[PDB]
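Letters A, B, ... are given to chains in the order of the sequence lines, protein chains preceding strands, and every chain is numbered from 1. Reckoned from all heavy atoms, side chains included, excluding hydrogens, waters and symmetry mates.
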Amino acid sequence: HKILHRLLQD
Amino acid sequence: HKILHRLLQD
Amino acid sequence: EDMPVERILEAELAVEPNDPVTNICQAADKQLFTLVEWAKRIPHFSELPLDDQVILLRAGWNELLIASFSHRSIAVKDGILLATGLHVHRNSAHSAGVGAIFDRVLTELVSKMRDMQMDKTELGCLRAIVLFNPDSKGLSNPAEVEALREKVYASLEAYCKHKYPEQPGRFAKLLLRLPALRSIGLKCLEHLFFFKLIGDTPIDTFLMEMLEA
Amino acid sequence: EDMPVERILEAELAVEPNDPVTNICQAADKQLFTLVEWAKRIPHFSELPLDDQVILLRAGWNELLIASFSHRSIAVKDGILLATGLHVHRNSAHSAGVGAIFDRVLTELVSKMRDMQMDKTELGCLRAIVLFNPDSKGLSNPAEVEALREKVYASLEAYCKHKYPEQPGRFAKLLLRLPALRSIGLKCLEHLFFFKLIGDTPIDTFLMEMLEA
Ligand SMILES: CC(C)(C)c1ccc(O)c(C(C)(C)C)c1
Ligand SMILES: CC(C)(C)c1ccc(O)c(C(C)(C)C)c1
């Protein structure tokens, strides 16, 4: 799940 | 809804 | 005095009792008759107009029986005790193509009931909250059904606080099993509509009627 | 203390902003970005393992967005105010073939939120309860999630007793919208899958991602 992971980092 | 109406009535 | 937990518990006690899908269906048709009798023993339900009684039972039956099979199964290791006295084990459910939904019942309902030691009064109150569902479509008087529900849950909270004074959270915890119940209930309905559609499961008359629109 | 309602409120205030289905899907995709931002401001959410954060949001996003759109719409008669400054009226939803689900949102959520004047704190808390779903498949530590849920509802309850001492059943009444939300959520989701399956509606990337295995 690319986008969710990215947005959760910063 | 025959059966429900009959059970509820008596 | 308006909605006494002693009366709700007596309703519960008053109705105490080869394909796994087939057994669950047979038990459910049987239990629907007992469900009507239980409903009549719930304070003020029979004061409601006949059509509202019909609406509430048609809206709630799936959940009401699921709650009931779940709680009755708290001493069963990995399965469900049916009203018949038959057990269905999760292996059987899996082997029948209904593994995941069955597991959801075990994990989200049975286990949670077992861990918190939900008692028959709490169950009865939860089932009566389900019964008095003010969102059911076509109710002559939604507000009166919401008011009865409020009386059930006020009486439930007072009971939990008195009987379990060490567990301030118990009441909210009980109520927070209702979303799981709604979801599992809906998903069990979908399964049943599929069994009826494809026609490889005998469905007895009362269960069929509850499945009509 | 550990789950301060003022922080939950702050989370809510921090993210404050043709085809009705298209607009809805468009508004949901944009709001999914802000939901992630919302969740990070829920006490202890960012301290969970990254996979559990992913699981809780994948399990909750549709309920959480429905909760927001519904509460945002308490000031309008028969429509929803989407995040982006667009409204969807009942009629327009009916005209697009999603009248039944939409009416459920109006009748079981928006109207009931309005009648009780649910405030932003209570909404936030309900949302955090939905977010901290310990039934979500695959959680590394379900019990920690249940604990966080418990802390949220303890805080919500105290808050309701302090701010609404007049209304001893308000806490329960709040929690008793959760089943309808669960139900409406599941329905909106099935609709969405159908829209994607049919290819009748553009679906943006983050919404698309949420609908993937
Ligand atoms: C697992 C359990 C026995 C609770 C169950 C399974 C499937 C199912 O369809 C139902 C109904 C009540 C909808 C009949 C119950
Ligand atoms: C009516 C409302 C705007 C709450 C809504 C309708 C349909 C729908 O699919 C969704 C999602 C959030 C699942 C996208 C929301």
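A donor-acceptor pair under 3.5 Å is formed between the side chain of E209(C) and the backbone N or O of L4(B).
More than 12 heavy atoms of other residues, nucleotides or ligands sit less than 6.0 Å from atom CD of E16(C). The environment of NE2 in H5(B) is crowded: more than 12 heavy-atom neighbours from other residues, nucleotides or ligands sit within 6.0 Å.
Interface remark: of the candidates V36(C), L57(C), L50(C), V36(C) forms the most heavy-atom pairs closer than 4.5 Å to chain B.
At a threshold of 4.5 Å between non-hydrogen side-chain atoms, the residues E37(C) and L7(B) do not count as touching.
How far CZ of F206(C) is from NE2 of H1(B): 10.5 Å, rounded to the nearest 0.5 Å. Interatomic distance, CG of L32(C) versus CD1 of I3(B), reported as 9.5 Å (0.5 Å rounding). Here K2(B) contributes atom NZ and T205(C) contributes atom OG1; the two are 10.5 Å apart, rounded to the nearest 0.5 Å.
Looking at residues two or more places apart in sequence or on another chain, you find a side-chain contact (heavy atoms from CB on, under 4.5 Å) between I55(C) and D52(C), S136(C), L139(C).
Nearest approach of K40(C) to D10(B), heavy atoms of both residues: NZ-O, 3.0 Å.
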